[PDB]
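# Quick one, structure for this:
(chains A, B, C and D, ligands or ions: 3)
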Amino acid sequence: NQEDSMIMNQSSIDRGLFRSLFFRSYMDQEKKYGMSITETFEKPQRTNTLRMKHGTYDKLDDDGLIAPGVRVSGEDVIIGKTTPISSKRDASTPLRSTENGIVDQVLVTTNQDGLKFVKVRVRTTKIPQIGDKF
Amino acid sequence: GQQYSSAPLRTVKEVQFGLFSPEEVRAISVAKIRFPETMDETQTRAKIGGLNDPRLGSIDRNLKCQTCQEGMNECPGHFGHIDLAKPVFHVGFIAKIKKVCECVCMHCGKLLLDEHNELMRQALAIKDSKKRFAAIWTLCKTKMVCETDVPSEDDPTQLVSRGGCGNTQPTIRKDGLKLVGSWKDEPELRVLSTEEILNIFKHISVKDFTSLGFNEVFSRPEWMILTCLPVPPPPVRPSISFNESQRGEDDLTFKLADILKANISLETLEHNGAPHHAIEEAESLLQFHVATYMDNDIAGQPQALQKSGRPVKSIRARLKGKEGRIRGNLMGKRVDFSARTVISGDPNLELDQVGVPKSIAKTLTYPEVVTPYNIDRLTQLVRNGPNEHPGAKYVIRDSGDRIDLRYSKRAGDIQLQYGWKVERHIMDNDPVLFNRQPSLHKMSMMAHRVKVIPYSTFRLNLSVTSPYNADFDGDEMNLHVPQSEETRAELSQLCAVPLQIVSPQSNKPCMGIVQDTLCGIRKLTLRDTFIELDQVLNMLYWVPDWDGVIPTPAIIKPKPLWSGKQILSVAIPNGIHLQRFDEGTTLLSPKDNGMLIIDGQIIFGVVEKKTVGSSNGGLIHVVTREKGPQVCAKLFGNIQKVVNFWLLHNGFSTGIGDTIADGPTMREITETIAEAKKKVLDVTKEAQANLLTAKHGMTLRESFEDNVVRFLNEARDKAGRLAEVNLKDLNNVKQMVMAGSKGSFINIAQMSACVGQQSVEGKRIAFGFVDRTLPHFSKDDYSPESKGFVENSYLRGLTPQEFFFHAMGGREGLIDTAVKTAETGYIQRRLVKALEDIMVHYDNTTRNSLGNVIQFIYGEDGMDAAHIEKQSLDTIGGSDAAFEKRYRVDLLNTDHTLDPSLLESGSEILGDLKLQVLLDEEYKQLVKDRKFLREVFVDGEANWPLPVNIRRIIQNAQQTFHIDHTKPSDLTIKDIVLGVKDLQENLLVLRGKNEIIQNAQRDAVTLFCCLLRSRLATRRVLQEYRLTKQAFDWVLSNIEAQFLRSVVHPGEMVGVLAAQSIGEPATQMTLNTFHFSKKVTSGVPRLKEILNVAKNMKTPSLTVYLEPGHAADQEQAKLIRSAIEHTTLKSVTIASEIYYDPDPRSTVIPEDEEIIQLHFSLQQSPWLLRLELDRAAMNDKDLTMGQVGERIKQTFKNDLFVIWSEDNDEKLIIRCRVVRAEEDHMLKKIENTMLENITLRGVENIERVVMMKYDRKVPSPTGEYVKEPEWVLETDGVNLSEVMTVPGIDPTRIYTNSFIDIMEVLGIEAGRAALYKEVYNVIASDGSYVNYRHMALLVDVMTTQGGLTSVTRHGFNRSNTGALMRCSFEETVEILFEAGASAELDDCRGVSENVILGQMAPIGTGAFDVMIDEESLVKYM
Amino acid sequence: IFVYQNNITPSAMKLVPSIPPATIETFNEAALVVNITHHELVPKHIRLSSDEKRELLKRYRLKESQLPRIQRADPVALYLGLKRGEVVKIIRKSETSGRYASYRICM
Amino acid sequence: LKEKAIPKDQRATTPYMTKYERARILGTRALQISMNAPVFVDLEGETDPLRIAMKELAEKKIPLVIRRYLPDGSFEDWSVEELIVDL
Ligand SMILES: [Mg+2]
Ligand SMILES: [Zn+2]
Ligand SMILES: [Zn+2]
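Numbering: from 1, shown residues only, chains lettered A, B, ... in the order given. Ligands and ions are numbered 1, 2, ... in the order given. What follows is the structure:
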């Protein structure tokens, strides 16, 4: 506990002292490039020349979205999306590399324009550790 | 990079800057850039035959390049070109082009001034390529005739034709990016066409332009004008091409298409139906886009903004510093094999270790080559994989191709081969650079031993907290992993923590015992503190080295108990000998004061900050110098391990109880504050009753306020000192203050007794409201309570008023801190950028990248600052009688010889005439030394940092040989006398078989020898130290060895050292100069003032010393004060009046009726000017009416009729009439000359003169130095030239803070001396110490080029140093433009150039070359 | 050496370089009242002979440019009547060595 | 020119090895040793190229020579074998 550092009661940390929740919300939109040409929320696959992400696509449902219960990690794809060119091209959203948690709430709406709008929140509990500030 | 090439690999030895010839631009080009388009023609989205285009380099990952067929990574890119429809000025040379035009005839191309002109002949002689062009321009600019003929050198009557036409020259002005001329009813005005300018330039002779700043081969003036524009390839302007149906062209690609578009517009316009006043329109546009492409942030012109309105990145702006290519991409770089996390301290790591979190260790790798030694280990790490801790990530084959152990299908069956590299995880004891930013020190980056640990923080030893300036308040640090067997060696052998222990910044250690360990060490080492066996055994085991020997307890019979002192001495190594006396420490140390460690055992004294801290005579400072940096680093750990363990079990705390002071002590404080408040009121009423007399050179208000704040401070101090005394030894705050671990008096004072007076801008809280500090007070309330005196302690709590006034002063702190952090930042950088290239050479000299001498030998002595210690020069002080008793030996005097009790020879040595000749000469030299030392250190200061700790050598010798201070020595007079003489010859700093280098050597060792002769005199050696021949011979061999070790190492980057050693202490300055002798501007603001070589300085002042035989006489001092302090007629005048008194013989004014009658016993103006003078003003300035009168009389001579009243008359009056239409208006002009202009007495600028009784250490008749206080005059203005010649002063002693002035009057040499003094006084005022050499080097640098070179943009950065080097600080693009225009050649010896070129710099490890000798190789095998 | 009270007219000043090889010095009486060379801060400057200077440059492998400079108008430079190129050996006392010698070339 | 090389007789740099010359000799030799160069000392079970290099330096069996450059560009060559290693 020298030079502005402190000792913390491990026993107390377990019993729930200074333990916190953490949430992050990721968002996406089906953009309408020109007329009729629209982006699609779907779980993509290896078809012709689509620049797909390295992360696990297997956590996505057919709607290109993770189910709220699921536990995510690393660069796991949490939102699946495709963009057409003139077959498809990847435009999927992977969970922040430097992070991991459990999918919390998934919101499916429409933006003012009338296009599909999505917000994915991921919950993580952060327990006090050795480098943590107080 | 990457593929193999047969081409020979060399290093850039020189950079030849120059300008592109259009011809080159075409030759060098791979494509004629024709269209603004980038691709998609014929449909195909793939680069067009116009812009970008394959001919230039690849857009795609194609493998194609057309030119080299190499592919993106390997291909550098190739330049294309645009042929411009009309010539255009290169934006960066418009001013130079104008100056060339101003120098040459705008018609025949001849240089306007010939070698026929004498001033021109002198200007032509100038060897500096730039200074010549400056002198040439200033001479030719004001030549508006191209002469046909000129007067001949022989005779000016018979003129000679020099050649050239007879055309009038234009007055050129800059209007945007155009040049307009004005020739000679009314002048002719027209723009000068770019073509016309160019044509005239093309006609300038080689001899003419090489006489200007230019170069025939590399920069012909005509190349400043652009006709053929180079097109940078795609890698300069990368198309960030995302997806297939999208691209993302660079700003430069757009600006180039703009240039292209504007050009075609112009070319089609001029070729076709040219309206000629629409052609000039499109040409202006092409000039704009070519200008705005290179520099967009042009002076007083609109920005060439993007679609967005976004200004457009100019190539200039790309290179412009802090984030430019130079400052951000070349002097700095983001780098691979680097890590960063939160730091947190650990008592169980060794000083030189660094705790690396497993995750970090698992990411960072070292490329180890498979060799028979590691082949076996390495295959295990590869087996382990990239996921297990001691494992590896990649295997690099002979082929150069990388194997990814994470995915390789052969990751399990890899069979290594000698030569392959295994990129393994960083493992325990790998050397790594550890760094806490800002990096202001050598020590802000040190090398540590890896310790792979769990948890996500970097762990560091607490004693290494201080050099890094790290806290665990959430601080993060950087780790950099070396990759070469060679760069590791660099880290381990040059910058590892143990080496870095004794810093050359202050010739003292930069690490010591801190916090818990400091607090607990005092506690452990008390007389009162004893340890029972159980714990003694644990405290021993905890010392990892401990010899396994249980020490015999200090107490045996009642109970076996050990003392704190005792078992701590187990960590102190043998042969460690320390002695220190505090307050009143005797050898029977009554208070447990001082320190006495013998053979590494504590005899007496408490161990606290002065002993175990980072002190000048430290237990650390000694253990390093005596036992090794390694041995010392171990000691850090050992001391910690014991003390920390003992404190873990003793415990330590602090509470509100520790702020609580005694009831009666509180009564005493409340009273102290009360009586001070009354002392203030008594003065407040005294000033309100107009009885208070103002201080010399101070307003009544200034005087009153001074007394008030002096009382209210005296008060806070006394109140605090009451609590301080009353706090028991058990007071936890007092305990921390005592060890020196945390806190000081003021902390105790403010918390327990009284916070004190609050101050903003040097003064008590001012009336922000009309005549009140707050609305809660009445008007004109000068009380302690109103102007912000905080009566209360922190314990008692502040009142609402107190709270706000505290907050007002508090905020001033936070701002001043914020401002200083900024100001000191730049000061550090300018210091570094000004000294970079300064290094010690293999000839002991100190030189820059030009090889110009700065110091003839590093810091005048040629010693490495780390190997120096404060030592006493004994022969300097004391009585001559006491010196005599100490050093004189007279074998011819029965009671002044050496007693036979001292040496064997004693009996037979008496009367030995031949020997007395040796001791006589020995003594005559000791006398010589004494008088010399007294010439060097005038104040008689004896304690000076020198290189060999002679005290310690003799100490160790006595211990080593068990010197018996009883039996007589076996030394002979010749043994001592000649042994010392012989040693002196072997103390080599400079080797060189010539009188210059040899006399240099004699000088360099002049002071050290003085100390040597002082400490090894015959009487001392025999009577004091009781040395045997053996012991003596050893002392000599050791002094020699230690001395040689102490000299500076060629390669020492002594420049950066000095810069940082001044800079980092500046960042630690509180400032400015308290909240109030003279109040001179100090710290950061005065340091800024100095380095800038500011002419208008804040506090200019003189320190005039009185004539030798006049020092004591105050009346003599008063006389000079009177003689030098400036006095005006304005200062003595109450009012000025103009009357109409028509008869000079009578007077309308009846007061003057008496004054006329007299000054008209033993034609003039009827208008009278009457001045009333103030008796009081005349009295403070000790003036007479006649004194004033005569002064007016001599100012107007026979033009003004002056009469005046006598010093007795009720009213002091001066009557003035003019001598010999429109006369009244004249008197008002005279009254202004009278008040404003006229000077009564004193020297101009010398505005306020204070008398000071300064103390002075001076030798007494008896010999001893004695306090002889003298009267001294302190100025409030500077006029050195004039106050020097004033009688009654000592002009040999006069000083001024304005060194600019000292430089001007006494020479550059004295200027240097004063400059050092002033730099030193900034550092010394903040308490802090910086070793002479550092401050000397800065001062020497600012002075070598005869005169005061500032540490600024136009100071050092305007030197003849490397163009690349200089661009790396402040004027970057401008510098590089001039480099091309004047065809500069960078030598490439500056650190900076090699840093830019990515080459091994000629610095330290780079100062020499390594070669293999086949001869010796074959001899070893 | 011409010791003048207040001024030497520019018409008279023309005559100063008019008679070479002989050199002429103009000194204001007022400046000479105090011998600046006597000052605490002013060390001893020693004019070096052609041979002495040659040896200096030889022994430190120096080009004149490399040597630390002194302005031709520097008070001490004027006192010693230093001409361009003349090198002065400056001997100052040192707190590091006892005595230190620097050299300054004229301009 | 080869007026650049200062002769063995009449040489004046320290007869001692600089902290830098040591750091670079040890590094250079450890680098060479590390990339399978022949070792001139008997490794008495040694395996770290720096520890091997240090042994090489300690036995003065390092076949390198330091070319000490002077400010004018001239130089004195000193053998690792002949330089005093106090440090
Ligand atoms: Mg902090
Ligand atoms: Zn290419
Ligand atoms: Zn002409």
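# tell me which parts of the stretch 301-450 of chain B are close to chain C?
Within the stretch 301-450 of chain B, no position is near chain C by Cβ under 8 Å from any Cβ of the partner chain. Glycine gets a C-beta too; all of them are placed from N, C-alpha and C.
# all helices for the stretch 301-450 of chain B, in order.
Using DSSP state H, counting those that start in this stretch, the helices of the stretch 301-450 of chain B run over residues B:315-319, B:358-361, B:375-384.
# Would you list the phi and psi of the residue positioned nearest the centre of chain A?
The centroid of chain A falls nearest to residue A:95 when counting by Cα atoms, centre = their mean (3.9 Å). Main-chain dihedrals, residue A:95, degrees, to the nearest 10: phi -50, psi 140.
# That one against residue A:71, yeah?
No. The criterion here is Cβ atoms under 8 Å, and residue A:95 misses it with residue A:71 at 10.7 Å.
# overlap in contacts of those two?
Residues touching both residue A:95 and residue A:71 by Cβ atoms under 8 Å, 6 or more residues apart in numbering or on different chains: residue A:101.
# For the helix or strand hosting residue B:1002, name the packing helices and strands.
Assigned by DSSP states H and E, residue B:1002 belongs to helix B:995-1004. Other helices and strands packing on helix B:995-1004, by 3 or more Cβ pairs under 8 Å, 6 or more residues apart in numbering or on different chains; DSSP states H and E, are helix C:50-60, strand C:99-106.
# Return the set of buried residues in the first one.
For helix C:50-60, burial by neighbour count (16 or more other Cβ atoms under 10 Å in any protein chain shown) applies to C:53, C:56-57, C:59-60.
# Adjacent strands (with direction) for whichever helix or strand comes after it?
Per DSSP H and E, the first helix or strand lying C-terminal to helix C:50-60 is strand C:69-70. Using DSSP bridges, the strands paired with strand C:69-70 in its sheet are strand C:99-106 (parallel).
# any idea where the strands of the chain begin and end?
You didn't say which chain, so I picked chain A. A:20-29, A:40-41, A:71-72, A:77-79, A:81-84, A:88-90, A:93-94, A:101-110, A:116-126 (DSSP state E).
# you looked at the wrong chain, it should be chain D
According to DSSP E, the strands that chain D contains are D:64-69, D:75-79.
# Figure out which of these is closest to chain A.
Of all the strands of chain D, the one in closest proximity to chain A, counting by Cβ to the nearest Cβ, is strand D:64-69 (43.8 Å).
# Provide a list of residues in contact with the residue nearest to the centre of chain A.
A:26, A:55, A:72-78, A:101, A:122.
# what's the spacing between residue C:26 and residue C:9?
Separation of residue C:26 from residue C:9 (Cβ to Cβ, to the nearest Å): 11 Å.
# Residue D:57 now?
Taking Cβ to Cβ as the measure, residue D:57 falls 76 Å from residue C:9.
# out of the two, which sits in the busier spot?
residue D:57 (20 against 7; other Cβ atoms under 10 Å in any protein chain shown).
# Residue B:1286 touches residue B:1122, doesn't it?
No. The pair residue B:1286 and residue B:1122 fails to qualify as a contact (Cβ under 8 Å) at a distance of 11.1 Å.
# Compare neighbour counts for those two and give me the winner.
Between residue B:1286 and residue B:1122, residue B:1286 has the larger neighbour count (other Cβ under 10 Å), namely 19 against 15.
# Tell me who's in contact with the one residue in chain D that gets nearest to chain B.
Closest residue of chain D to chain B, Cβ to the nearest Cβ: residue D:27 (3.3 Å). Residue D:27 is in contact with B:484-490, B:493, B:1405, D:53, counting by Cβ under 8 Å, 6+ apart.
# Write the ChimeraX selection for whichever of these are buried.
A single ChimeraX command is used to select the members of those judged buried by 16+ other Cβ under 10 Å:
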select /B:485,486,487,488,489,490,493,1405 /D:53
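# and the contacts of residue D:27 as TSV, adding distance to residue B:433?
Output for the contacts of residue D:27, formatted as TSV (distance: Cβ to Cβ, whole Å):
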residue	distance to residue B:433
B:484	13
B:485	16
B:486	14
B:487	9
B:488	10
B:489	13
B:490	10
B:493	13
B:1405	15
D:53	21
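# got the phi/psi numbers for the closest residue to residue B:1205 other than its chain neighbours?
Nearest residue to residue B:1205, sequence neighbours excluded (Cβ to Cβ, 6 or more residues apart in numbering or on different chains): residue B:1213, at 4.5 Å. For residue B:1213, the backbone dihedrals are phi -130, psi 150 (criterion: degrees, to the nearest 10).
# likewise residue B:408?
phi -40, psi 130.
# What is the burial count for it?
14.
# How about residue B:1112?
Other residues close to residue B:1112 by other Cβ under 10 Å number 13.
# helix, strand or coil for it?
coil (DSSP: H, G, I helix; E, B strand; the rest coil).
# Tell me which residues touch it, please.
By Cβ under 8 Å, 6+ apart, the contact set of residue B:1112 is B:1270-1271.
# Show me which positions of stretch B:872-882 end up buried.
In stretch B:872-882, counting by 16+ other Cβ under 10 Å, buried: B:872-878.
# ok, and what's touching that stretch?
So stretch B:872-882 is contacted by B:883, B:886-887, B:926, B:929-930, B:933-934, B:937, B:940-944, B:946, B:1010-1011, B:1013-1015, B:1262-1265 (Cβ under 8 Å, 6+ apart).
# Is any residue of stretch B:736-745 near chain A?
No. Stretch B:736-745 is not in contact with chain A by Cβ under 8 Å from any Cβ; minimum separation 10.3 Å.
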